[PDB]
Amino acid sequence: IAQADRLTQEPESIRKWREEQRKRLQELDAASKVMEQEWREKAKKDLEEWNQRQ
Amino acid sequence: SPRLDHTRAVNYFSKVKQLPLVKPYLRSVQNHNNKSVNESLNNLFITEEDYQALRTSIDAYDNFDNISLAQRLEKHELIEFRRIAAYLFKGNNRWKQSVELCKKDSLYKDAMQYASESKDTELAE
């Protein structure tokens, strides 16, 4: 079960969590930041649509 | 393309305010005769002012709401669609187009030609 491990159960253990909670980060925040400057550039995409076409 | 239902797509675009990107997505497509296609597709050619396409966009595929569609067109100033809304409402039914005229849209022109094909004789009187 048993149990009795540690120096093998915590050494790689600390690795994953730590080097993974900041390798997390990114994407999410990156997502909207960039998704922001983008979809809006879209709003003007259509906007200039209006302008010319009229 | 093959192996989408389309019906479960245009819906996500419309309530997105971004559907026109799919403009060309509707190009090689629209053979599916699907409603969301023509339906907003027209709505597109309408506010966009497209008549060549819009006209041909329906010169075959007849899957849509032959009504309200011409309702938004009549509300225009640019007769292009007030000219086709005239057609759209008449569509292989000549009686509508004429029995709906008055000062405006009384064109000394097409008005002397859309009666001819009629069958309700008396309408001549």
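Conventions used here
- Residues numbered from 1 in each chain as written, not as in the entry; some residues may be left out.
- Chains lettered and ligands numbered in written order.
- Part of a larger assembly, values for the part shown.
- Heavy atoms only, no water.
- Residues with missing side-chain atoms left out of burial classes, pairs and counts.
- Salt bridge = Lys/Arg side-chain N within 4 Å of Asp/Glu carboxyl O.
- Buried < 20%, exposed > 50% of the residue type's maximum accessible area, 1.4 Å probe, protein only.
- Helix = DSSP H or I, 4+ residues; strand = E, 2+ residues; numbered from the N terminus.
- Contact = heavy atoms within 4.5 Å.
- Buried area = accessible area lost by both parts, 1.4 Å probe.
- Polar contact = N/O pair within 3.5 Å; in protein donor to acceptor, adjacent residues only side chain to side chain.
- Nonpolar A, V, L, I, M, F, W, Y, C, P; charged D, E, K, R; others polar.
- Expected span 1.5 Å × (residues − 1).
- Bend = angle between axes of the 7 residues up to and from the residue.

Per the deposited record, determination of this structure is attributed to X-ray crystallography, with the resolution reported as 7.940 Å.

Another point: the pattern of salt bridges. Residue and element names in this part refer to chain A. Following the criterion strictly, the structure yields six salt bridges over all chains and no others. With its nearest N and O atoms 3.0 Å apart, the salt bridge here joins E12 to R15. Since its relative accessible area comes to 54%, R15 is described here as exposed.

Here we take up the side chain of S36 of chain B. Examined against the element boundaries, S36 of chain B turns out to sit in helix 2 (residues 35-47). With sequence-adjacent residues up to four places away left out, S36 of chain B is seen in contact with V10 and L41 of chain B.

Taken residue by residue, the interface counts five residues in chain A and four residues in chain B. Around 430 Å² of area is buried between chain A and chain B when both sides are counted, 37% of it from carbon and sulfur atoms. Connecting chain A to chain B are one salt bridge. The closest approach of N and O atoms between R53 of chain A and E48 of chain B, which form a salt bridge, is 3.8 Å. The interface formed by chain A and chain B holds zero residue pairs in polar contact in total. Classifying every residue of the side of chain A that touches chain B by side-chain character gives one nonpolar, one polar and three charged.

Bringing helix 5 (residues 79-90) of chain B into the picture now. Residues and elements named next belong to chain B. Between the first and last C-alpha of helix 5 there are 16 Å, a value that for twelve residues agrees with the 16 Å anticipated at 1.5 Å per step. Along helix 5, the positions that sit buried rather than exposed are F81, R82, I84, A85, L88 and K90. Along its buried surface, helix 5 packs onto helix 2, helix 3 (52-56), helix 4 (68-74) and helix 6 (94-98). In the segment just after helix 5, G91 is the residue with positive phi, at about 20°.

Now for helix 2 (residues 27-53) of chain A. In this model, helix 2 of chain A (27 residues) spans 37 Å end to end at C-alpha, consistent with the 39 Å of a helix rising 1.5 Å per residue. By the largest-angle criterion, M35 of chain A marks the main kink of helix 2 of chain A, which is about 30°.

Residue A2 of chain A follows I1 of chain A across a cis peptide bond; omega there is 0°. Mapped onto the elements of the fold, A2 of chain A is located in the segment before helix 1 (13-21). Going from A2 of chain A to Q3 of chain A, the amide bond is cis rather than trans, its omega being 0°. On the secondary structure map, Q3 of chain A appears in the segment before helix 1. Although it is not a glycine, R6 of chain A adopts a positive phi angle of roughly 65°. By secondary structure assignment, the location of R6 of chain A is in the segment before helix 1. Of note, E49 of chain B is a non-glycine position whose phi angle comes to about 80°, a positive value. By the element assignment, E49 of chain B lies in the loop between helix 2 and helix 3. Of the residues examined, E49 of chain B reaches a relative accessible area of 25% and is grouped as partly exposed.

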